[PDB]
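A short worksheet on the structure shown next.
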Amino acid sequence: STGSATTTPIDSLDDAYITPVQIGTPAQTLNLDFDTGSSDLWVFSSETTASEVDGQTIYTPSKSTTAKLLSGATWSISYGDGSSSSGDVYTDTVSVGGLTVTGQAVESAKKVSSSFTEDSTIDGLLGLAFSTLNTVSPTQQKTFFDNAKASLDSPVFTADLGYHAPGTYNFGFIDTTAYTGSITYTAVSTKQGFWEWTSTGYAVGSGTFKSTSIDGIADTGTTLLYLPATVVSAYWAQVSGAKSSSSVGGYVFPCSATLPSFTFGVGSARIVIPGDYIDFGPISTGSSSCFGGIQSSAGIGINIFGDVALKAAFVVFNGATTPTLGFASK
Ligand SMILES: Nc1ccc(CC(=O)N(Cc2ccc(N)cc2)C[C@H]2C[NH2+]CC=C(COC(=O)c3ccc(Br)cc3)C2)cc1
Ligand SMILES: Nc1ccc(CC(=O)N(Cc2ccc(N)cc2)C[C@H]2C[NH2+]CC=C(CO)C2)cc1
Ligand SMILES: O=C(O)c1ccc(Br)cc1
Ligand SMILES: [Cl-]
C-alpha cells in the first residue's frame, strides 16, 4: 500500500504545516501537524475542556462506530516551550492520503495548554519519531507509521515541504519526479528515539564549506533551524545590523536586508537553503526588525534541523530494519 497527502503552511511565514487526516467512521477530517520529532497522535476532541478550544476541529469518538476506548490508558506530554497536553485514548481507523490503519491509538485531549488553544489552524499532532517515545501509559502505543510499515510497498515516508506553498507527505514510496540529482543517505541513531543524524558541515552564502560534524534531529514539527552558537554567529555576522537580542529571544535583523543562503552537508552532498527561507518577518506587528530563521541550539542540548532546513530538500525517512535518512535537492 501507499498514501499521499498534501501538506499546507498554516500562515504566510510557514510557521507550521497542516495535513488532513481522516479519523473514525464515518470519517472525521482533522488537520494535523505531522511531527517527526515526537511520537503521539493526539487530537482536540469533544472531551477537551471547552475554554481550551478556540476554533479547532474536534474528534468526537462517540460519533465513530469504530472508536473503542482503550481502558485505563492515558497520555500526557510536555514540550520544551512549556506547552503541554493530556487525555485519554481510543483506538480507531485512521487514514492519511488513502493509506489506512485500523486500530490506531488516537489520543484524545482532555487538556491543552494556551499555545495550542491559540493556534486555531492545528487540530492536533501526528508523531512520526520512534514509538519508544510514545507517552501512553501504562501500555505504550505505536505511531501511525509503525502501524502502517509492514503494509507499505517500501518501509519509508517522505517529507517534501514547500516554501510559501503546499508540499507533500508520501508513505510507502519515493516519488522520483519530486527531486533533482540523487538522494544521499546518511546514518541514523535511534538511541534517543529521534531521527538523529550527523551533518558533515556548512557554508554561509558563497563562503567556503566548513567540514565539521553537527549531530542533530530531523524535525518537521520545529519551524526553525537550531545550530551550534559558533555556526549561528558565523551566519549572522554576514548580515549588516543583525544581532542577538536577549529581549526578543534570538537573532534579529533589519527587515530591509537580503539574507545570504545557508548550506548544510549530507555526506559529500550539499543542501542549499535560500536566504529568503531564513526570514521570519517582523518581531512584532509593524516592526522593522525581523526574526531570524537560524537560531542557536546552545540551550537545548541538541541541534534541530527543523522546517527551515527540511523545506530546502526532499527528505526520505527510511524505516527499514536499520533506519536511515535521505536528502535530495529539489
Ligand atoms: N521540558 C522539556 C524540554 C524538552 C522537551 C523535548 C521536546 O520538546 N520534544 C521532544 C519530545 C519527544 C517525544 C515526547 N514524548 C516528548 C518530547 C518535542 C519536539 C517535537 N518536535 C516539534 C517541537 C519540539 C519542541 O521544541 C521546543 O520546545 C524548542 C524549545 C527551544 C529551542 Br532553542 C528549540 C526547540 C521538539 C520536552 C520537555
Ligand atoms: N522558542 C521556541 C518555541 C517553540 C519551538 C518549537 C516549534 O517550532 N513550534 C512549537 C511546537 C511545540 C511542540 C510541538 N510538538 C510542535 C511545535 C512551532 C511554532 C513555532 N513558533 C511559530 C509559531 C507556530 C504556530 O503559529 C509554530 C521552538 C522554539
Ligand atoms: O528546550 C529544550 O531543552 C529542548 C527542546 C527541544 C528538544 Br528536541 C530538546 C530539548
Ligand atoms: Cl521594534
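The numbers used for chain A are those of Swiss-Prot, and the residues that appear cover 90-419, in sequence.
Heads up, the Cβ atoms here are built off N, Cα and C, so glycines get one too.
As recorded in Swiss-Prot, the features of this protein are as follows:
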{"type": "ACT_SITE", "residues": "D124", "note": "active site"}
{"type": "ACT_SITE", "residues": "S288", "note": "active site"}
{"type": "DISULFID", "residues": "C344-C379", "note": "disulfide bond"}
{"type": "DOMAIN", "residues": "106-417", "note": "domain 'Peptidase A1'"}
When you measure from each Cβ to the nearest atom of ligand 2, which of the recorded positions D124, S288, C379 fall under 6 angstroms?
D124
What does DSSP assign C344 (disulfide bond), in three states?
coil
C379 (disulfide bond) and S288 (active site), distance between Cα atoms, whole Å:
27
Filter the recorded positions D124, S288, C344, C379 down to those with CB closer than 6 A to an atom of ligand 1; keep them in sequence order.
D124
Distance from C344 (disulfide bond) back to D124 (active site), taken between C-alpha atoms, in Å:
30
In three-state DSSP terms, the structure that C379 (disulfide bond) belongs to:
strand
Packing count at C344 (disulfide bond) (other Cβ atoms within 10 Å of its Cβ):
15
Report the same-chain neighbours of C379 (disulfide bond): residues 6+ apart in sequence with Cβ closer than 8 Å to its Cβ, ordered by sequence.
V341, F342, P343, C344, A346, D368, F369, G370, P371, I372
Measure from the Cβ of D124 (active site) and count the other Cβ atoms within 10 Å, all protein chains considered.
21
